[PDB]
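As structure tokens, the structure follows; a few thoughts come after it.
Worth knowing before you read on, the calculation uses all heavy atoms, side chains too, and leaves out hydrogens, waters and symmetry mates. Per chain, numbering begins at 1; letters A, B, ... match sequence-line order.
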Amino acid sequence: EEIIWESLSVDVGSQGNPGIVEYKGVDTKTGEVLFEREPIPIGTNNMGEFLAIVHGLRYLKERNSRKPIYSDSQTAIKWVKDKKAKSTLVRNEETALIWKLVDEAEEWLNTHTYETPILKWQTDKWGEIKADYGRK
RNA sequence: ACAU
DNA sequence: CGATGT
Ligand SMILES: [K+]
Ligand SMILES: [K+]
Ligand SMILES: [K+]
Ligand SMILES: [Mg+2]
Ligand SMILES: [Mg+2]
């Protein structure tokens with residue numbers, strides 16, 4: 001502890017897993033929604049959590065912001081660190097769109113630099129991350 | 001077991 | 001109850 005309030009918080013929302021995936025980023029202090037991705041018809045929770053972090057990195061870099069990013073996803077934080085999303089989701093026609101976005105997110109990571117700290121939101125201590133969809 |  | 005991941 002404690003919370004770094006000067007930060008961006010991201011989270012995925014889904015209908016089914018695998019299922020319809022969306023994500024959003026919010027100002028941790030105020031909850032102001034800063035970006036929201038259009039729903040993707042089929043994806044996994046972890047793909048969406050991964051895309052949300054990468055989008056946050058791109059959003060902050062474009063704005064010359066040094067704020068950290070909070071995510072509640074152990075998996076996606078590691079995938080971003082590794083620059084490699086190790087998803088089990090079948091690559092087929094139904095999943096082509098999500099897999100294109102994930103491939104493109106990995107590609108951006110491998111062609112850009114950033115100093116943004118990517119931090120674990122401590123749900124057990126602090127409650128739900130501020131970007132949560134409130135579906136559970 | 002942990003995190004979603 | 002189920003699924004995605006380390
Ligand atoms: K939720
Ligand atoms: K959670
Ligand atoms: K499990
Ligand atoms: Mg989450
Ligand atoms: Mg959530």
Problem set entry | Side-chain N,O (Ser87(A)) to OP1/OP2 (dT4(C)) below 4.0 Å | no

For this session: Begin from the C-alpha positions of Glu22(A) and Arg135(A) and carry the test salt bridge (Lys or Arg N to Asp or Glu O under 4.0 Å) through to its verdict.
Result: CA-CA 13 Å; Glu22(A) 62 197 307; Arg135(A) 299 169 179 180; 2.7 Å; yes

Problem set entry | Taking every non-hydrogen atom, the tightest pair across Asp11(A) and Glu49(A) | OD1-OE2, 3.2 Å

Listing time: all N or O pairs from protein to nucleotides 1-4 of chain B that are below 3.5 Å?
from	atom 1	to	atom 2	distance (Å)
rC2(B)	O2'	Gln74(A)	NE2	3.0
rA3(B)	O4'	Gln74(A)	NE2	3.0
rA3(B)	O3'	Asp72(A)	O	3.4
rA3(B)	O3'	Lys120(A)	NZ	2.9
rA3(B)	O2'	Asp72(A)	O	2.7
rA3(B)	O2'	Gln74(A)	N	3.0
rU4(B)	OP1	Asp72(A)	O	3.4
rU4(B)	OP1	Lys120(A)	NZ	3.2
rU4(B)	OP1	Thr123(A)	OG1	2.6
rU4(B)	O5'	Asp72(A)	O	3.4
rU4(B)	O3'	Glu49(A)	OE2	2.7
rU4(B)	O2'	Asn45(A)	ND2	3.3
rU4(B)	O2	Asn45(A)	ND2	3.0

Exercise. Would you say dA3(C) has OP1 or OP2 under 4.0 Å from some side-chain N or O of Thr44(A)?
Worked result: no

Exercise. Taking only residues two or more places apart in sequence or in another chain, which ones pass side-chain contact (heavy atoms from CB on, under 4.5 Å) with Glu107(A)?
Worked result: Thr111(A)

Problem set entry | Interface with RNA chain B, restricted to residues 19-39 of chain A and to heavy atoms under 4.0 Å | none

Exercise. Would you call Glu62(A)-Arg58(A) a salt bridge at under 4.0 Å N-O?
Worked result: no

Exercise. Checking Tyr133(A) side chain against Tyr23(A) main chain: does a donor-acceptor pair fall under 3.5 Å?
Worked result: yes

For this session: Taking only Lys NZ, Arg NE, NH1 and NH2, and the carboxylate oxygens of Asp or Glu, determine whether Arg66(A) and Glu115(A) approach each other closer than 4.0 Å.
Result: yes

For this session: State plainly whether the residues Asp103(A) and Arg91(A) are in salt-bridge range, i.e. N to O under 4.0 Å.
Result: yes

Exercise. Is it true that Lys125(A) and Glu1(A) have a side-chain N and a carboxylate O under 4.0 angstrom from each other?
Worked result: no

For this session: Mind calculating the distance between CE (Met47(A)) and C1' (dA3(C)) to the nearest angstrom?
Result: 14 Å

